[PDB]
Asker: 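I'd like to ask some things about the structure below.
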Amino acid sequence: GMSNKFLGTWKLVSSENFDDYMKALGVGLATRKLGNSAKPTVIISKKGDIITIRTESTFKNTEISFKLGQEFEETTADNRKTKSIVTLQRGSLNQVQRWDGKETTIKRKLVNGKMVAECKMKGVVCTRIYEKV
Ligand SMILES: CCCCCCCCCCCCCCCC(=O)O
């Protein structure tokens with residue numbers, strides 16, 4: 001299953017193209033400004049076969065709990081109500097969110113002890129790097 005090397009608390013240290021990513025999602029300007037300013041913390045944890053990914057920022061906190069490969073209801077930070085599935089592919093945690101006939105993917109993998117999130121919406125690709133705290 002998911003490597004335990006994912007487990008822990010992670011701090012955003014880099015973001016690239018997040019603004020176009022948020023635009024692609026339909027996020028408005030004032031909200032994009034706060035999203036570009038945010039340096040969130042991501043806490044990954046597990047209890048049994050339930051994985052929890054919690055995101056904490058001054059603007060918005062979010063949290064999802066799921067079992068691999070089982071679709072669940074998610075409320076995103078920009079308040080989309082999505083049906084989502086997290087899968088494991090070559091050590092990459094891959095989240096797909098679907099709503100209103102659209103789809104975005106967030107792929108999280110470990111690289112030299114950092115966590116790299118790649119976010120994809122309509123060909124826009126955003127890259128966010130996190131360091132373990
Ligand atoms: C990310 C929380 C704070 C900013 C909230 C602004 C609303 C836009 C959210 C878009 C989806 C966020 C995807 C984040 C991917 C990651 O975990 O790095």
Side-chain angles (χ1 to χ4, degrees):
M2 180 187 70
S3 166
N4 295 333
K5 292 172 194 227
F6 277 97
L7 300 169
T9 297
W10 301 89
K11 172 57 166 206
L12 187 73
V13 301
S14 172
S15 189
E16 176 261 318
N17 209 25
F18 193 49
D19 193 53
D20 287 347
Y21 179 69
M22 285 186 293
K23 274 155 88 145
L25 294 172
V27 178
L29 175 62
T31 306
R32 284 199 323 270
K33 286 189 196 170
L34 300 181
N36 290 322
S37 295
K39 301 196 194 308
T41 287
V42 175
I43 302 101
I44 296 173
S45 70
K46 60 146 207 243
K47 291 181 212 341
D49 67 352
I50 302 176
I51 303 169
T52 297
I53 299 176
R54 174 179 179 78
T55 304
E56 294 176 357
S57 72
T58 299
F59 176 51
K60 296 290 189 161
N61 302 325
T62 65
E63 181 177 298
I64 55 175
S65 289
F66 52 88
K67 298 173 181 201
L68 290 177
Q70 300 193 39
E71 181 173 80
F72 60 99
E73 295 286 319
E74 171 178 5
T75 293
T76 66
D78 55 321
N79 202 38
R80 284 168 292 124
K81 308 296 219 165
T82 61
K83 295 144 199 293
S84 305
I85 306 172
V86 177
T87 50
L88 191 65
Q89 322 186 27
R90 265 161 266 115
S92 177
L93 280 176
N94 293 346
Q95 180 180 15
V96 61
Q97 303 168 339
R98 292 163 180 113
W99 76 105
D100 191 31
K102 306 168 206 166
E103 184 191 296
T104 184
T105 53
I106 306 176
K107 293 189 185 52
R108 294 178 176 94
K109 63 177 163 184
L110 303 182
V111 183
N112 293 115
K114 306 297 189 279
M115 180 168 72
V116 180
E118 296 171 316
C119 311
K120 290 200 194 63
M121 176 63 181
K122 283 188 275 137
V124 180
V125 182
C126 151
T127 298
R128 289 158 70 76
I129 304 161
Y130 294 80
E131 108 199 309
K132 192 117 162 208
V133 292

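Both counts, for ligands and for their atoms, begin at 1 and track the order of listing. Starting from 1, each residue takes its place in the sequence as its number.
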Asker: For atom 5 (C) of ligand 1, find the nearest protein heavy atom and state the residue, atom name and distance (0.1 Å precision).
Answerer: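 Here the closest protein heavy atom is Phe59 CD2, 3.8 Å.
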Asker: Which residue and non-hydrogen atom of the protein lie closest to atom 9 (C) of ligand 1, and at what distance in Å?
Answerer: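 Answer, as residue, atom name and distance: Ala77 CB, 3.8 Å.
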Asker: As an exercise, identify every atom of ligand 1 less than 4.0 angstrom from a heavy atom of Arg108.
Answerer: 16 (C), 17 (O)
Asker: Could you check atom 8 (C) of ligand 1 against the protein and tell me its nearest heavy-atom contact, residue, atom and distance included?
Answerer: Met22 SD, 3.8 Å
Asker: Just go through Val42, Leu12, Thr104, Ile106 and tell me whose heavy atom is the nearest to atom 13 (C) of ligand 1.
Answerer: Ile106
Asker: Just by distance, with hydrogens left out, do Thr82 and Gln97 show a side-chain donor and acceptor under 3.5 Å apart?
Answerer: no
Asker: Between ligand 1 and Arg128, is the shortest N or O to N or O distance under 3.5 Å?
Answerer: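 In this structure, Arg128 places an N or O atom under 3.5 Å from an N or O of ligand 1.
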Asker: What protein heavy atom lies closest to atom 2 (C) of ligand 1? Include the residue and the distance to one decimal.
Answerer: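 I find the closest protein heavy atom is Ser57 OG, 3.9 Å.
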Asker: To the nearest 0.5 angstrom, please state how far the CD atom of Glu131 sits from the CE atom of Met115.
Answerer: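 Taking CD in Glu131 and CE in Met115, the distance rounds to 11.5 Å.
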Asker: For atom 4 (C) of ligand 1, what is the nearest protein heavy atom, given as residue, atom name and distance?
Answerer: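 Minimum-distance protein heavy atom for atom 4 (C) of ligand 1 reads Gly35 CA, 3.7 Å.
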Asker: Could you tell me if the side chain of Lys109 sits less than 4.5 Å from the side chain of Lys107, heavy atoms only?
Answerer: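 Counting from C-beta outward, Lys107 and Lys109 never come under 4.5 Å.
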Asker: Distance check, rounded to the nearest 0.5 Å: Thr104 atom OG1 versus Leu25 atom CG?
Answerer: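 Reported to 0.5 Å precision, the distance equals 5.5 Å.
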Asker: Between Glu74 and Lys83, is the side chain to side chain contact (heavy atoms under 4.5 Å, CB included) condition met? List the steps.
Answerer: CA-CA 6 Å; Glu74 171 178 5; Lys83 295 144 199 293; over 6 Å; no
Asker: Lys60 and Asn79: side-chain donor and acceptor closer than 3.5 Å?
Answerer: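 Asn79 and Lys60 do not have a side-chain donor-acceptor pair below 3.5 Å.
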Asker: Going by the ring-ring contact (aromatic ring centres under 6.0 Å, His included) test, which pairs reach into residues 7-62, not counting sequence neighbours?
Answerer: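 Residue pairs with at least one partner in residues 7-62: there are none.
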Asker: Could you tell me, atom by atom, which parts of ligand 1 come under 4.0 Å of a heavy atom of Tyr130?
Answerer: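 Heavy-atom distances to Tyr130 below 4.0 Å select 16 (C), 17 (O), 18 (O).
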Asker: List ligand 1 atoms under 4.0 Å from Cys119, heavy atoms only on the residue side.
Answerer: 15 (C)
Asker: In terms of residue, atom name and distance, what is the protein heavy atom nearest to atom 10 (C) of ligand 1?
Answerer: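 Nearest protein contact, heavy atoms only, for atom 10 (C) of ligand 1 is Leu25 CD1, 3.8 Å.
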Asker: Can you measure from CG (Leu68) to OG1 (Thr87) and round to the nearest 0.5 angstrom?
Answerer: 8.0 Å
Asker: Of all the non-hydrogen atoms in the protein, which one sits nearest to atom 1 (C) of ligand 1, and at what distance?
Answerer: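 Heavy-atom neighbour on the protein nearest atom 1 (C) of ligand 1: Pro40 CG, 3.9 Å.
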